[PDB]
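Read through the structure below, which is laid out as structure tokens, and then see the notes.
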There are 2 protein chains.
Amino acid sequence: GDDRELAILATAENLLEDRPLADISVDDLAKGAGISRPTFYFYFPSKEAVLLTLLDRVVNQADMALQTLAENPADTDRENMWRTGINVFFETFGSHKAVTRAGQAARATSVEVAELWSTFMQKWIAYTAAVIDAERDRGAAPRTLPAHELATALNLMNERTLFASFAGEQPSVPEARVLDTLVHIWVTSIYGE
Amino acid sequence: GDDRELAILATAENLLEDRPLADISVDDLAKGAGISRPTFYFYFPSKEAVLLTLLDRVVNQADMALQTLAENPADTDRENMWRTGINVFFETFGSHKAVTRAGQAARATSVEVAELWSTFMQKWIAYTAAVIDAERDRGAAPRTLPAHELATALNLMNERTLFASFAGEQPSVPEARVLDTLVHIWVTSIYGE
Ligand SMILES: CC(C)[C@H](N)C(=O)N1CCC(c2nc(-c3cccs3)no2)CC1
Ligand SMILES: CC(C)[C@H](N)C(=O)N1CCC(c2nc(-c3cccs3)no2)CC1
């Protein structure tokens, strides 16, 4: 049932708005999707697999959007171009705050969640490194740090800063200031001597 | 028993090198400290309180070292000065990797751990913001982003980058490259137009 699986995922994202995964039971997901507990278990082996699927969907949505942008870059200056790409993650994770938050909490306890996050961060960092490489090859960025190490810290910064902001952690940058903040630190560190 | 409590904390830090807190039992801490289980419970209510005390000790050690440096700044240029301060956290958390790692895992499940981390990050970010303010007042740094928002992202970057490095996460900057990486991104973003 494409619909029954989707109903489960929809309920899980809705419930995660209100509590952590530890406080949502399989019976809760089933009730919300209009199904029995054993029917639930035909579609997912555990409420953890539900979170893993929700996170996979969000990570691929962000990845697909970055691939589109990479094929269709904005015709504007460097700063606004980097803003556009960082915005892909700001708007994609920011429209799925509860999934994002729960997926991060899970990295500690779930090998598959951890792996899924790893895989995509590796990809995103390799792409950032290749852009910085191209920028250096064009003579637009100086050859300062190793591009992949610079890319790794800047992507890590974005991961921690975006997610603190969407969780309203203390300390955090306000959500309405976070793009400006990250784009400044990316531009100054990639183009600065 | 100042010694019995210390023996408990020493065992916990030693065991956390090998497994997560979830796989260390109260009986394990007691055996390692040469005490019985109920004696253990006279000193700490739970193995979680042991981790909280271990983390408090590490956070205060880092905070005290930064306060010393702030009173006794290095006589060298801006870059090397910022390197010295970031190094306080590199060497302090880096000499307590297992406590650091477990303390981060715990932020998700423990209000007190979360609070303790928050308190100190707030302090460290306020201090960074005040240095950037002073640098702008001296005319050495330009007035670009709000200093406290810049300080917050750069401290968050350090938190996530240092801890990925010490955990050998994939992706991470190699531990032997992380100071250079962070100091470049701090200097370029604080002094760059
Ligand atoms: C950004 C400039 C150098 C390039 N001309 C361009 O427009 N694009 C390549 C960079 C790309 C981008 N990626 C990213 C991110 C990758 C990882 C986190 S943010 N941010 O912007 C946007 C499109
Ligand atoms: C750094 C310059 C502007 C100042 N003259 C100085 O030497 N100090 C103030 C900054 C201080 C410092 N703090 C930090 C960090 C604070 C938070 C994370 S790192 N890094 O360096 C070192 C001493």
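Residue numbering restarts at 1 for every chain of the structure tokens, chains are lettered A, B, ... in their displayed order, and ligands are numbered from 1 as they appear.
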Within 9 Å of chain B: each chain A residue with its shortest pair, only C-alpha atoms, as CSV:
```
residue,atom,partner,partner_atom,distance
A:105,CA,B:108,CA,6.0
A:106,CA,B:108,CA,9.0
A:107,CA,B:105,CA,9.0
A:108,CA,B:105,CA,6.0
A:109,CA,B:105,CA,8.7
A:115,CA,B:170,CA,9.0
A:118,CA,B:170,CA,6.0
A:119,CA,B:170,CA,8.3
A:121,CA,B:171,CA,6.8
A:122,CA,B:171,CA,5.8
A:125,CA,B:171,CA,8.1
A:144,CA,B:184,CA,8.7
A:145,CA,B:181,CA,6.9
A:146,CA,B:181,CA,8.7
A:148,CA,B:173,CA,8.4
A:149,CA,B:173,CA,5.6
A:150,CA,B:181,CA,6.3
A:152,CA,B:172,CA,6.4
A:153,CA,B:161,CA,5.9
A:154,CA,B:157,CA,7.5
A:155,CA,B:157,CA,8.9
A:156,CA,B:160,CA,6.2
A:157,CA,B:157,CA,4.1
A:158,CA,B:157,CA,7.6
A:159,CA,B:160,CA,8.4
A:160,CA,B:156,CA,6.2
A:161,CA,B:153,CA,5.9
A:164,CA,B:156,CA,8.7
A:169,CA,B:118,CA,8.2
A:170,CA,B:118,CA,6.0
A:171,CA,B:122,CA,5.8
A:172,CA,B:152,CA,6.4
A:173,CA,B:149,CA,5.6
A:174,CA,B:149,CA,8.2
A:177,CA,B:149,CA,7.9
A:178,CA,B:149,CA,8.2
A:180,CA,B:145,CA,8.1
A:181,CA,B:150,CA,6.3
A:182,CA,B:153,CA,7.4
A:184,CA,B:189,CA,7.1
A:185,CA,B:189,CA,5.2
A:186,CA,B:189,CA,8.2
A:187,CA,B:189,CA,8.3
A:188,CA,B:189,CA,5.2
A:189,CA,B:185,CA,5.2
A:190,CA,B:185,CA,8.6
A:191,CA,B:188,CA,8.7
A:192,CA,B:188,CA,5.8
A:193,CA,B:188,CA,7.2
```
Environment of ligand 2 within 6 Å, counting only C-alpha atoms and all ligand atoms, reported as a PyMOL selection string
chain B and resi 69-70+73-74+78+81-82+84-86+124+128+131+155
Residue 35 (chain A) surroundings by only C-alpha atoms, 10 Å radius, close-in-sequence under 4 positions cut, as a ChimeraX atom specification:
/A:4,7-8,27,29-31,39-40
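Within the 9 Å cut-off around residue 96 (chain A), using only C-alpha atoms and omitting residues fewer than 4 positions from it on the same chain, the listed residues are residues 13, 58, 91, 92, 100 and 101 of chain A.
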Dump as a PDB file, in the first residue's frame, selection limited to C-alpha atoms:
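Output contents, as saved in out_23.pdb:
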```pdb
ATOM      1  CA  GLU A  13       6.627  13.445  10.859  1.00  0.00           C
ATOM      2  CA  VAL A  58      14.885  14.713   3.305  1.00  0.00           C
ATOM      3  CA  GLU A  91      15.133  25.657   3.138  1.00  0.00           C
ATOM      4  CA  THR A  92      15.151  21.890   2.751  1.00  0.00           C
ATOM      5  CA  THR A 100      16.106  16.852  11.081  1.00  0.00           C
ATOM      6  CA  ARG A 101      16.220  17.147  14.808  1.00  0.00           C
TER       7      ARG A 101
END
```
As a VMD selection string, please: all residues of chain A that backbone DSSP puts in helix (DSSP H, G or I).
chain A and resid 2 to 18 21 to 23 26 to 33 37 to 43 47 to 71 78 to 94 97 to 106 111 to 137 147 to 166 175 to 191
Option closest in space to ligand 1, from A:87, A:165, A:95, A:110 [counting only C-alpha atoms and all ligand atoms]:
A:87
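Going from CA of residue 63 (chain A) over to CA of residue 75 (chain A), you cover 20.9 Å.
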Expressed in Å to a single decimal, how great is the separation between CA of residue 52 (chain A) and CA of residue 179 (chain A)?
27.0 Å
